[PDB]
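Remarks on the structure that follows.
Every chain is numbered from 1, with letters handed out A, B, ... down the list of sequences. Atoms considered below: every heavy atom in the structure, side chains included; atoms not considered: hydrogens, waters and symmetry mates.
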Amino acid sequence: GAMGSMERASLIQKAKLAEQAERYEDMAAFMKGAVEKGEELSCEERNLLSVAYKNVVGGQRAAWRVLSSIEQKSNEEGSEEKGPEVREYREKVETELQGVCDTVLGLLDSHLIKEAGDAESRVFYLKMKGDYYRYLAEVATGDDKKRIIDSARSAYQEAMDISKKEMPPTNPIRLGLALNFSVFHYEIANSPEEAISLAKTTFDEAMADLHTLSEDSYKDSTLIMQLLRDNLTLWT
Amino acid sequence: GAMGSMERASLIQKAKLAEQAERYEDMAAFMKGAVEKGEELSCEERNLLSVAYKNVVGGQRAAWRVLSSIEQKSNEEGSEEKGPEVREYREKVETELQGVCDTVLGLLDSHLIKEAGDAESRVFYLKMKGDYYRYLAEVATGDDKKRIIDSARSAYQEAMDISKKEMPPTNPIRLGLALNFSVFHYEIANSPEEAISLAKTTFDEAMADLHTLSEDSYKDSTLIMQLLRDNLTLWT
Amino acid sequence: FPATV
Amino acid sequence: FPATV
Ligand SMILES: [Ca+2]
Ligand SMILES: [Ca+2]
Ligand SMILES: [Ca+2]
Ligand SMILES: [Ca+2]
Ligand SMILES: [Ca+2]
Ligand SMILES: [Ca+2]
Ligand SMILES: [Ca+2]
Ligand SMILES: [Ca+2]
Ligand SMILES: [Cl-]
Ligand SMILES: [Cl-]
């Protein structure tokens with residue numbers, strides 16, 4: 001693409017610089033270019049990919065929520081007509097958000113997931129697939145909303161199945177997957193009891209395996225466990 | 001341009017939405033479109049223009065400083081060679097920053113300044129002209145650096161001359177102009193004594209006129225006076 | 001909003 | 001950095 005003439009290693013180097021500079025759109029473009037070189041990604045490289053897009057879509061999601069709230073208020077009883085501009089601009093931001101999600105999903109489908117054989121890589125990418133379908137579901141209102149939700153669910157479920165067979169209950173990727181899938185159940189699938197059960201079971205099974213961990217591994221796992229507990233506190 | 005088909009009023013409305021959403025690149029594009037309609041801007045509209053570009057260039061400046069520091073470190077004694085990528089990426093960000101500055105300066109030159117006859121409008125735009133030449137000066141290293149500095153100086157000086165003749169010493173625009181021109185002297189022109197003298201004289205002359213002000217005008221003027229005092233504390 | 005990673 | 005507006 002645009003990055004076709006730049007070396008893979010230079011794209012990775014520049015993604016790291018862009019991260020330091022908080023230039024996440026640049027970071028994402030560099031990492032897209034790196035993926036399109038066709039080689040598998042290392043652990044560090046997949047982390048750069050995920051950080052870049054998480055920050056780009058995160059900003060879009062926050063903006064969408066602001067605009068959606070304004071739009072909802074404009075449609076209340078007693079609200080003065082202001083014309084099509086709020087809807088148009090919410091639609092603009094939404095379309096940009098959907099485009100970023102489509103871009104990430106495209107990278108995963110061409111060809112990160114199919115070449116990922118190790119459990120850690122495959123689960124990482126399947127979690128991403130679930131996450132970006134979830135972000136599409138947050139803004140979906142038409143005749144494809146059900147199908148988008150089911151795509152998220154299917155990706156998360158495949159990731160869960162692998163993670164339970166192949167990874168310890170304290171593994172950070174496994175924990176973060178479960179955290180996010182639990183949020184999917186609560187916020188997207190209208191299944192708060194499933195959300196709560198998953199967060200609690202995940203937390204408890206991790207707690208029982210902490211004794212096996214080094215000081216540094218313990219720190220990572222406990223940090224994510226605290227996020228499970230925070231959600232449980234919010235929901236109960 | 002891109003916004004040629006959208007109503008002026010709709011561009012203004014959408015700039016305000018973009019501000020609420022913290023979408024400052026969008027805000028700036030909407031306000032560029034509004035300016036290119038060819039009509040003069042109201043006070044509120046000129047504030048939208050300035051806020052949008054200030055935030056866009058502010059992010060670029062922060063990123064440039066990060067990258068410049070990394071680059072400077074890469075050129076120290078004992079630093080391992082890492083190739084052209086740090087310079088290339090600093091250059092990319094720099095070029096983007098210069099483009100934004102050129103865009104703003106272009107709007108001011110075509111035709112905001114020449115149609116601005118009231119002191120408040122003219123000073124506002126001339127302050128902007130000084131500011132964006134100052135931002136160009138921050139990254140300038142070649143045979144045009146002197147000329148860029150002189151362009152900033154000239155714009156600020158014309159603004160100062162009008163402001164002193166036509167505005168009270170407590171006027172917020174006058175105060176903010178002086179604040180920024182004082183920073184130009186300290187950071188760009190290598191004239192810290194001029195910077196200090198200007199900040200102190202401005203502060204003192206404002207203090208002596210506060211008695212004329214309403215509660216709300218007093219709040220605005222004193223807030224900017226505190227910024228003058230903060231700079232003086234930093235510099236002395 | 002709930003926590004995700 | 002010093003304050004500007
Ligand atoms: Ca190569
Ligand atoms: Ca839509
Ligand atoms: Ca493989
Ligand atoms: Ca294993
Ligand atoms: Ca019209
Ligand atoms: Ca340059
Ligand atoms: Ca006029
Ligand atoms: Ca006057
Ligand atoms: Cl729009
Ligand atoms: Cl570059």
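Note: B/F30 and A/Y89 have perpendicular aromatic rings, judged against thresholds of 30 and 60 degrees for the angle between ring planes. Below 30°, between 30° and 60°, or above 60°: for B/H185 and B/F181 the angle between ring planes is between 30° and 60°, a tilted geometry. Ring geometry, A/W235 versus A/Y186: the interplanar angle falls under 30°, so the pair is classed parallel (tilted spans 30 to 60°).
For the atom pair B/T222 OG1 and B/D220 CG, the distance stands at 8.0 Å (nearest 0.5 Å). The distance from the CD atom of A/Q60 to the SG atom of A/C101 is 7.5 Å, given to the nearest 0.5 Å. The OG1 atom of B/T202 sits 11.5 Å away from atom CG of B/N231, with the distance rounded to the nearest 0.5 Å. Taken to the nearest 0.5 Å, the CG atom of B/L112 stands 11.5 Å off from the NZ atom of B/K129. In this structure, the separation between OG on B/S182 and OH on B/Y156 is 10.5 Å, given to the nearest 0.5 Å. Interatomic distance, A/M27 CE to A/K54 NZ, rounded to the nearest 0.5 Å: 12.0 Å.
In A/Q98, the CD atom is crowded: over 12 heavy atoms of neighbouring residues, nucleotides or ligands sit closer than 6.0 Å. When the shell of 6.0 Å around CD of A/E138 is examined, it contains more than 12 heavy atoms from other residues, nucleotides or ligands. A 6.0 Å sphere centred on CG of A/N75 holds more than 12 heavy atoms belonging to other residues, nucleotides or ligands. Enclosure of atom NZ in B/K145 by more than 12 non-hydrogen atoms of other residues, nucleotides or ligands within 6.0 angstrom is indicated.
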_Residues A/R8, A/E45; criterion salt bridge (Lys or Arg N to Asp or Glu O under 4.0 Å); working and verdict_ = CA-CA 11 Å; A/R8 189 184 184 282; A/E45 292 161 357; 2.8 Å; yes

*asked:* Run B/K165 and B/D161 through salt bridge (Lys or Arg N to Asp or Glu O under 4.0 Å) and show every step you take.
replied: CA-CA 7 Å; B/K165 197 165 310 168; B/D161 295 343; over 6 Å; no

*Begin with the C-alpha distance, continue with both residues' side-chain angles, and end with the deciding distance and a verdict on side-chain contact (heavy atoms from CB on, under 4.5 Å) for B/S151 and B/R147.*
CA-CA 6 Å; B/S151 289; B/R147 274 186 272 274; 5.6 Å; no

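Closest approach of B/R46 to B/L41, counting heavy atoms only: NH1-O, 3.0 Å. When every heavy atom of B/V56 is checked against every heavy atom of B/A28, the shortest pair comes out as CG2-CB, 4.2 Å. A pairwise comparison of heavy atoms in B/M6 and B/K37 identifies O-NZ, 2.7 Å as the closest pair. Nearest approach of A/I149 to A/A137, heavy atoms of both residues: CG1-CB, 4.0 Å. Counting all heavy atoms, side chain and backbone alike, A/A63 lies closest to A/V93 at CB-CG1, 4.2 Å. Residues B/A206 and B/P169 approach most closely at CB-O, 3.7 Å, considering heavy atoms.
Proximity of B/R174 to B/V123: side-chain heavy atoms (C-beta onward) are nowhere separated by under 4.5 Å. Annotation: side chain of B/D131 is not in contact with side chain of B/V57 (no heavy-atom distance under 4.5 Å). With contacts defined as side-chain heavy-atom distances shorter than 4.5 Å, the pair B/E88/A/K14 qualifies. The shortest side-chain heavy-atom distance between B/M31 and B/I12 falls under the 4.5 Å cut-off. At a threshold of 4.5 Å between non-hydrogen side-chain atoms, the residues A/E96 and B/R23 count as touching. Side-chain contact between B/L107 and B/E36 is present, with heavy atoms from C-beta onward closer than 4.5 Å. Contact of the B/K127 side chain with the D/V5 side chain is registered, since non-hydrogen atoms from C-beta on lie closer than 4.5 Å. Inter-residue side-chain proximity for D/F1 and B/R65 is flagged as met; some heavy-atom pair is nearer than 4.5 Å.
Residues passing the side chain to side chain donor-acceptor pair (under 3.5 Å) test with B/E40: none are found, sequence neighbours excluded. With sequence neighbours left out, B/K92 forms a side chain to side chain donor-acceptor pair (under 3.5 Å) with no residue at all. With sequence neighbours excluded, the residues forming a side chain to side chain donor-acceptor pair (under 3.5 Å) with B/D150 are B/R153, listed by chain and number. Qualifying salt bridge (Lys or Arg N to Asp or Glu O under 4.0 Å) partners for A/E39, counting only residues two or more places apart in sequence or in other chains: none. Legend: residues meeting side chain to side chain donor-acceptor pair (under 3.5 Å) with A/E194, ordered by chain and number and at least two apart, are absent.
Looking only at distances, a side-chain donor or acceptor of B/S221 sits under 3.5 Å from a matching main-chain atom of B/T170. Although no hydrogens or angles enter the test, the distance criterion places no donor-acceptor pair under 3.5 Å between the side chain of B/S217 and the main chain of B/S214. Within the 3.5 Å criterion, the main-chain N or O of A/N47 finds a donor-acceptor partner in the side chain of A/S50. Formation of a donor-acceptor pair under 3.5 Å by the B/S163 side chain with backbone atoms of B/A159 is found in this model. Under the 3.5 Å distance criterion, the side-chain polar atoms of C/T4 are left unmatched by any main-chain donor or acceptor of A/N180.
A salt bridge does not link B/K16 to A/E85: none of the charged side-chain nitrogens sits closer than 4.0 Å to a carboxylate oxygen. The existence of a salt bridge linking B/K164 and B/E205 is excluded, since no basic side-chain nitrogen approaches an acidic carboxylate oxygen closer than 4.0 Å. A salt bridge does not link A/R134 to A/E187: none of the charged side-chain nitrogens sits closer than 4.0 Å to a carboxylate oxygen.
Between the side chains of A/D102 and A/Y132, no donor N or O sits under 3.5 Å from an acceptor N or O.
Evaluation of the salt bridge (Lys or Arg N to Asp or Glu O under 4.0 Å) test over residues 110-125 of chain B, restricted to residues two or more places apart or in two chains, returns B/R122-B/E158.
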